Amino acid sequence: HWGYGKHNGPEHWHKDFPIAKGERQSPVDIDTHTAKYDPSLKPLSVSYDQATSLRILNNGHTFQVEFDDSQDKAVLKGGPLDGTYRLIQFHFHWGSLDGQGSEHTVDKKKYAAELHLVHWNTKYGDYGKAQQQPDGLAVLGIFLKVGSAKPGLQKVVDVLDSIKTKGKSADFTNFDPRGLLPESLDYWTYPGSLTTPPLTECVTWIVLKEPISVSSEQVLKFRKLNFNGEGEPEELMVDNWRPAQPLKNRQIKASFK
Ligand SMILES: Cc1cc(C)nc(Sc2c(F)c(F)c(S(N)(=O)=O)c(F)c2F)n1
Ligand SMILES: Cc1cc(C)nc(Sc2c(F)c(F)c(S(N)(=O)=O)c(F)c2F)n1
Ligand code: NA
Ligand SMILES: [Zn+2]
């Protein structure tokens with residue numbers, strides 16, 4: 001079905017998922033000149049001290065690290081958020097080349113990759129229920145640029161050969177996602193959507209200003225994953241990003257400057 005190829009990529013999605021042409025689609029270009037400092041935003045509270053990772057999965061589109069979300073452990077709050085959002089998983093989007101791969105752009109700049117830490121609003125009880133609500137999810141987006149290796153990423157990079165193909169999973173316990181954060185928690189925020197089908201308009205996006213640095217070797221390893229299942233023709237999992245979508249009426253707010 002949907003994917004990122006010429007035949008089933010982002011410009012095709014609207015035929016199965018009409019909200020693809022909706023009023024709050026993601027990602028977007030972040031025009032840093034037009035974003036407004038909002039002195040009423042609070043600092044983000046990223047509380048990942050008790051995160052419990054469980055598993056890593058190649059889902060055929062990306063790979064995702066999944067967390068135990070059956071209690072309040074790893075939570076995002078503050079900033080533009082009302083209430084408490086629980087971390088359920090993180091995943092990445094990346095390019096076939098270092099000069100593309102991110103979903104959001106900054107003044108049209110593309111980064112090599114983008115990390116998404118997905119959280120759901122605990123007022124809706126479960127992730128699945130939250131995926132249906134306008135303020136159901138909060139996704140923390142972090143850009144990756146190629147430079148110095150990110151030591152906190154290497155445990156993820158090293159397990160990818162065990163999940164090469166669609167539907168493969170591996171145990172992945174005791175991974176600390178604090179090691180994927182940049183120094184600064186300065187951010188942009190705007191209301192948007194899932195960037196993959198079903199493209200539901202349920203996401204408060206929080207995009208950090210500071211990218212993390214990863215090495216060329218780290219991102220090359222992402223590019224060795226496969227979209228296909230085992231035993232099927234090999235198609236490299238690369239360019240699994242949706243381009244920027246129309247901003248429409250929306251305002252992007254800055255936590256800083
Ligand atoms: C490239 C390809 C491979 C296969 C196996 N089926 C298809 S048919 C198809 C499909 F199943 C889809 F789900 C989609 S979509 N709107 O992108 O979700 C599509 F465009 C399609 F063209 N296309
Ligand atoms: C709707 C749904 C349900 C489930 C269980 N996983 C997913 S995986 C996923 C995904 F692939 C994504 F790309 C995103 S994203 N880019 O953060 O909007 C997401 F939130 C996701 F949760 N999506
Ligand atoms: Na659940
Ligand atoms: Zn994503």
# chains A, B, ... in the order shown; residues from 1 in each chain; ligands from 1
>>> select_by_dssp(residues="stretch 18-235 of chain A", states="alpha helix (DSSP H)", output="count of residues only")
17
>>> select_by_dssp(residues="stretch 31-101 of chain A", states="strand (DSSP E)", output="VMD selection string")
chain A and resid 36 to 37 44 to 47 53 to 58 63 to 67 75 to 78 84 to 94
>>> closest_residue(among="A:117, A:247, A:225, A:44", to="residue A:137", atoms="only C-alpha atoms")
A:117
>>> residues_near_ligand(ligand="ligand 3", cutoff="7 Å", atoms="only C-alpha atoms and all ligand atoms", output="ChimeraX atom specification")
/A:126-128
>>> write_last_selection(atoms="N, CA and C atoms", output="PDB file, in the first residue's frame")
ATOM      1  N   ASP A 126      -5.540   5.674  26.489  1.00  0.00           N
ATOM      2  CA  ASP A 126      -4.662   4.813  25.693  1.00  0.00           C
ATOM      3  C   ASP A 126      -4.161   5.572  24.470  1.00  0.00           C
ATOM      4  N   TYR A 127      -3.050   5.088  23.889  1.00  0.00           N
ATOM      5  CA  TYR A 127      -2.489   5.635  22.670  1.00  0.00           C
ATOM      6  C   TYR A 127      -3.498   5.607  21.526  1.00  0.00           C
ATOM      7  N   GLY A 128      -4.188   4.466  21.364  1.00  0.00           N
ATOM      8  CA  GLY A 128      -5.101   4.343  20.272  1.00  0.00           C
ATOM      9  C   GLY A 128      -6.242   5.359  20.322  1.00  0.00           C
TER      10      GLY A 128
END
>>> residues_near_ligand(ligand="ligand 1", cutoff="10 Å", atoms="only C-alpha atoms and all ligand atoms", output="number ranges by chain")
A: 1-18, 20, 197-198
>>> residues_near_ligand(ligand="ligand 2", cutoff="10 Å", atoms="only C-alpha atoms and all ligand atoms", output="CSV table (one decimal) with N, CA, C and O atoms, in the first residue's frame")
chain,number,residue,atom,x,y,z
A,25,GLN,N,-1.9,20.0,8.1
A,25,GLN,CA,-1.0,18.8,7.7
A,25,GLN,C,0.5,19.2,8.1
A,25,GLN,O,0.9,20.3,8.1
A,26,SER,N,1.2,18.1,8.4
A,26,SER,CA,2.6,18.2,8.7
A,26,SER,C,3.4,17.3,7.8
A,26,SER,O,2.9,16.3,7.2
A,27,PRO,N,4.7,17.5,7.6
A,27,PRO,CA,5.5,18.6,8.2
A,27,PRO,C,5.3,19.9,7.5
A,27,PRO,O,4.5,20.0,6.5
A,59,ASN,N,9.1,-1.4,10.8
A,59,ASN,CA,7.6,-1.5,10.5
A,59,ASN,C,7.4,-1.4,9.0
A,59,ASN,O,6.2,-1.3,8.6
A,60,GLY,N,8.4,-1.4,8.2
A,60,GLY,CA,8.3,-1.3,6.8
A,60,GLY,C,8.3,0.1,6.2
A,60,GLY,O,8.4,0.2,5.0
A,61,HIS,N,8.3,1.1,7.1
A,61,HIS,CA,8.4,2.5,6.7
A,61,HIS,C,9.6,3.2,7.3
A,61,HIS,O,10.2,4.0,6.7
A,62,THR,N,9.9,2.8,8.6
A,62,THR,CA,10.9,3.3,9.5
A,62,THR,C,11.3,2.2,10.4
A,62,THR,O,10.8,1.1,10.3
A,63,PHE,N,12.2,2.5,11.4
A,63,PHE,CA,12.3,1.7,12.6
A,63,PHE,C,11.9,2.5,13.8
A,63,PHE,O,12.0,3.7,13.8
A,64,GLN,N,11.3,1.8,14.8
A,64,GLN,CA,10.8,2.5,15.9
A,64,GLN,C,11.3,1.7,17.2
A,64,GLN,O,11.3,0.5,17.2
A,88,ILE,N,5.7,6.8,24.0
A,88,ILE,CA,5.4,5.5,23.5
A,88,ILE,C,6.4,4.9,22.6
A,88,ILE,O,6.8,3.8,22.6
A,89,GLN,N,7.0,5.8,21.7
A,89,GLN,CA,8.0,5.3,20.8
A,89,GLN,C,8.8,6.4,20.2
A,89,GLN,O,8.3,7.6,20.3
A,90,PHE,N,9.9,6.1,19.7
A,90,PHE,CA,10.6,7.1,18.8
A,90,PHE,C,11.0,6.4,17.5
A,90,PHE,O,11.2,5.2,17.5
A,91,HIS,N,11.1,7.2,16.4
A,91,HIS,CA,11.5,6.7,15.1
A,91,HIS,C,12.2,7.8,14.3
A,91,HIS,O,12.3,8.9,14.8
A,92,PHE,N,12.7,7.5,13.2
A,92,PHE,CA,13.4,8.5,12.4
A,92,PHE,C,12.9,8.5,11.0
A,92,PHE,O,12.2,7.6,10.4
A,93,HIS,N,13.2,9.6,10.3
A,93,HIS,CA,13.1,9.8,8.9
A,93,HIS,C,14.4,10.2,8.3
A,93,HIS,O,15.1,11.0,9.0
A,103,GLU,N,11.9,16.0,7.7
A,103,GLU,CA,10.5,16.2,7.2
A,103,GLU,C,10.2,17.7,7.4
A,103,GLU,O,9.9,18.4,6.5
A,114,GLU,N,15.6,13.2,10.7
A,114,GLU,CA,14.7,13.8,11.8
A,114,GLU,C,14.3,12.7,12.7
A,114,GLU,O,13.8,11.6,12.2
A,115,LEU,N,14.4,12.9,14.0
A,115,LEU,CA,14.0,12.0,15.1
A,115,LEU,C,12.7,12.5,15.6
A,115,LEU,O,12.5,13.7,15.9
A,116,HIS,N,11.7,11.6,15.8
A,116,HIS,CA,10.4,11.9,16.3
A,116,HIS,C,10.2,11.1,17.6
A,116,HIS,O,10.2,9.8,17.4
A,117,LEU,N,10.0,11.8,18.7
A,117,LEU,CA,9.6,11.1,19.9
A,117,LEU,C,8.1,11.3,20.1
A,117,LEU,O,7.7,12.4,20.3
A,118,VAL,N,7.4,10.2,20.1
A,118,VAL,CA,5.9,10.3,20.0
A,118,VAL,C,5.4,10.0,21.4
A,118,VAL,O,5.7,9.1,22.1
A,119,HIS,N,4.5,11.0,21.8
A,119,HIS,CA,3.9,10.9,23.2
A,119,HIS,C,2.3,11.1,23.0
A,119,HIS,O,1.9,11.8,22.1
A,120,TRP,N,1.6,10.4,23.9
A,120,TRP,CA,0.1,10.5,23.9
A,120,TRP,C,-0.4,11.1,25.2
A,120,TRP,O,0.1,10.9,26.3
A,127,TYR,N,-3.0,5.1,23.9
A,127,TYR,CA,-2.5,5.6,22.7
A,127,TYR,C,-3.5,5.6,21.5
A,127,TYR,O,-3.6,6.5,20.8
A,128,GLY,N,-4.2,4.5,21.4
A,128,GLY,CA,-5.1,4.3,20.3
A,128,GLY,C,-6.2,5.4,20.3
A,128,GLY,O,-6.6,5.9,19.3
A,130,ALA,N,-6.0,8.3,21.9
A,130,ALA,CA,-5.4,9.6,21.7
A,130,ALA,C,-5.2,9.8,20.3
A,130,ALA,O,-5.3,11.0,19.8
A,131,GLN,N,-4.9,8.8,19.4
A,131,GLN,CA,-4.7,9.0,18.0
A,131,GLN,C,-5.9,9.6,17.3
A,131,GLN,O,-5.7,10.0,16.1
A,132,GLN,N,-7.0,9.6,17.9
A,132,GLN,CA,-8.3,10.0,17.3
A,132,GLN,C,-8.7,11.4,17.8
A,132,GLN,O,-9.8,11.9,17.6
A,137,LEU,N,-1.8,13.7,20.5
A,137,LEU,CA,-0.4,13.4,20.5
A,137,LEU,C,0.5,14.6,20.6
A,137,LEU,O,0.1,15.7,20.1
A,138,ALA,N,1.7,14.4,21.1
A,138,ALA,CA,2.7,15.5,21.0
A,138,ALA,C,3.9,14.8,20.6
A,138,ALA,O,4.4,13.8,21.1
A,139,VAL,N,4.5,15.3,19.4
A,139,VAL,CA,5.7,14.7,18.9
A,139,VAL,C,6.8,15.7,19.0
A,139,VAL,O,6.7,16.9,18.6
A,140,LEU,N,7.9,15.3,19.7
A,140,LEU,CA,9.1,16.1,19.8
A,140,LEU,C,10.0,15.7,18.6
A,140,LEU,O,10.4,14.6,18.5
A,141,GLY,N,10.3,16.7,17.8
A,141,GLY,CA,11.1,16.5,16.6
A,141,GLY,C,12.5,17.1,16.8
A,141,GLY,O,12.6,18.2,17.3
A,192,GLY,N,-0.5,20.3,14.1
A,192,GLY,CA,-0.4,19.6,12.8
A,192,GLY,C,-0.9,18.2,12.9
A,192,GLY,O,-1.9,17.9,13.6
A,193,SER,N,-0.2,17.3,12.2
A,193,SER,CA,-0.7,16.0,11.9
A,193,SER,C,0.3,15.0,12.0
A,193,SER,O,1.6,15.3,12.1
A,194,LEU,N,-0.1,13.7,11.9
A,194,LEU,CA,0.8,12.6,11.6
A,194,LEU,C,1.4,12.9,10.2
A,194,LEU,O,0.7,13.4,9.3
A,195,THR,N,2.7,12.6,10.1
A,195,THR,CA,3.3,12.8,8.7
A,195,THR,C,3.2,11.5,7.9
A,195,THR,O,3.7,11.6,6.7
A,196,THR,N,2.6,10.4,8.4
A,196,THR,CA,2.4,9.2,7.6
A,196,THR,C,0.9,9.0,7.6
A,196,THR,O,0.2,9.4,8.6
A,197,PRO,N,0.3,8.2,6.7
A,197,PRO,CA,-1.0,7.8,6.8
A,197,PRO,C,-1.3,7.1,8.2
A,197,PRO,O,-0.4,6.4,8.7
A,198,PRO,N,-2.4,7.4,8.8
A,198,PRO,CA,-3.6,8.0,8.2
A,198,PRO,C,-3.6,9.6,8.2
A,198,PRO,O,-4.6,10.1,7.9
A,199,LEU,N,-2.5,10.2,8.6
A,199,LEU,CA,-2.4,11.7,8.4
A,199,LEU,C,-3.3,12.5,9.3
A,199,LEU,O,-3.5,13.7,9.1
A,200,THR,N,-3.8,11.8,10.4
A,200,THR,CA,-4.7,12.4,11.3
A,200,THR,C,-4.2,13.7,11.9
A,200,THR,O,-3.0,13.8,12.3
A,201,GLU,N,-5.1,14.7,12.1
A,201,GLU,CA,-4.7,16.0,12.6
A,201,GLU,C,-4.8,16.0,14.1
A,201,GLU,O,-5.6,16.7,14.7
A,202,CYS,N,-3.9,15.2,14.7
A,202,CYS,CA,-4.0,15.0,16.2
A,202,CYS,C,-2.7,15.3,16.9
A,202,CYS,O,-2.5,14.9,18.0
A,203,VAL,N,-1.8,16.1,16.3
A,203,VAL,CA,-0.4,16.3,16.8
A,203,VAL,C,-0.1,17.7,17.1
A,203,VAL,O,-0.3,18.6,16.3
A,204,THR,N,0.3,17.9,18.4
A,204,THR,CA,1.0,19.2,18.7
A,204,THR,C,2.5,18.9,18.4
A,204,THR,O,3.1,18.0,19.0
A,205,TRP,N,3.0,19.6,17.4
A,205,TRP,CA,4.5,19.5,17.1
A,205,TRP,C,5.3,20.4,18.0
A,205,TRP,O,5.0,21.6,18.0
A,240,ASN,N,12.4,8.2,3.4
A,240,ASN,CA,11.1,8.0,4.0
A,240,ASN,C,10.6,9.2,4.8
A,240,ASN,O,10.3,9.1,5.9
A,241,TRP,N,10.6,10.3,4.1
A,241,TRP,CA,10.2,11.6,4.6
A,241,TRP,C,9.1,12.1,3.7
A,241,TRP,O,9.1,12.0,2.5
A,242,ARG,N,8.1,12.8,4.3
A,242,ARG,CA,7.1,13.5,3.6
A,242,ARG,C,7.6,15.0,3.4
A,242,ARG,O,8.1,15.5,4.3
>>> residues_around(residues="residue A:47", least_positions_apart="4", cutoff="9 Å", atoms="only C-alpha atoms", output="PyMOL selection string")
chain A and resi 51+73-77+178
>>> residues_around(residues="residue A:83", least_positions_apart="4", cutoff="8 Å", atoms="only C-alpha atoms", output="PyMOL selection string")
chain A and resi 77-78+121-123
>>> closest_residue(among="A:94, A:222, A:256, A:124", to="ligand 4", atoms="only C-alpha atoms and all ligand atoms")
A:94
>>> residues_around(residues="residue A:153", least_positions_apart="5", cutoff="8 Å", atoms="only C-alpha atoms", output="PDB file with C-alpha atoms, in the first residue's frame")
ATOM      1  CA  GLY A 179      21.191  10.419  25.043  1.00  0.00           C
ATOM      2  CA  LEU A 180      19.472  11.573  21.797  1.00  0.00           C
ATOM      3  CA  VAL A 214      25.501  12.128  14.097  1.00  0.00           C
ATOM      4  CA  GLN A 218      25.684   6.251  11.794  1.00  0.00           C
TER       5      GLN A 218
END
>>> residues_around(residues="residue A:53", least_positions_apart="4", cutoff="7 Å", atoms="only C-alpha atoms", output="ChimeraX atom specification")
/A:66-68,172-175
>>> write_last_selection(atoms="N, CA, C and O atoms", output="tab-separated table (two decimals), in the first residue's frame")
chain	number	residue	atom	x	y	z
A	66	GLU	N	10.25	1.14	21.04
A	66	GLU	CA	8.99	1.23	21.74
A	66	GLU	C	9.28	1.15	23.23
A	66	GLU	O	10.26	0.51	23.63
A	67	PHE	N	8.43	1.86	23.97
A	67	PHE	CA	8.56	1.98	25.42
A	67	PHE	C	7.34	1.39	26.12
A	67	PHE	O	6.26	1.27	25.56
A	68	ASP	N	7.54	1.01	27.38
A	68	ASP	CA	6.42	0.65	28.23
A	68	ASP	C	5.68	1.92	28.64
A	68	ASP	O	6.24	2.74	29.37
A	172	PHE	N	14.98	-4.66	23.04
A	172	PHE	CA	15.78	-3.45	23.13
A	172	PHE	C	15.52	-2.78	24.45
A	172	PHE	O	14.90	-1.74	24.53
A	173	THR	N	16.01	-3.39	25.52
A	173	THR	CA	15.82	-2.88	26.86
A	173	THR	C	16.93	-1.94	27.32
A	173	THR	O	18.02	-1.95	26.80
A	174	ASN	N	16.59	-1.13	28.31
A	174	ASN	CA	17.53	-0.27	28.98
A	174	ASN	C	18.16	0.77	28.06
A	174	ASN	O	19.27	1.22	28.31
A	175	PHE	N	17.44	1.20	27.03
A	175	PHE	CA	17.95	2.30	26.21
A	175	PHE	C	17.43	3.61	26.77
A	175	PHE	O	16.25	3.76	27.00
>>> atom_distance(atom1="atom CA of residue A:29", atom2="atom CA of residue A:246")
8.4 Å
>>> closest_residue(among="A:166, A:176, A:171, A:216", to="residue A:235", atoms="only C-alpha atoms")
A:166
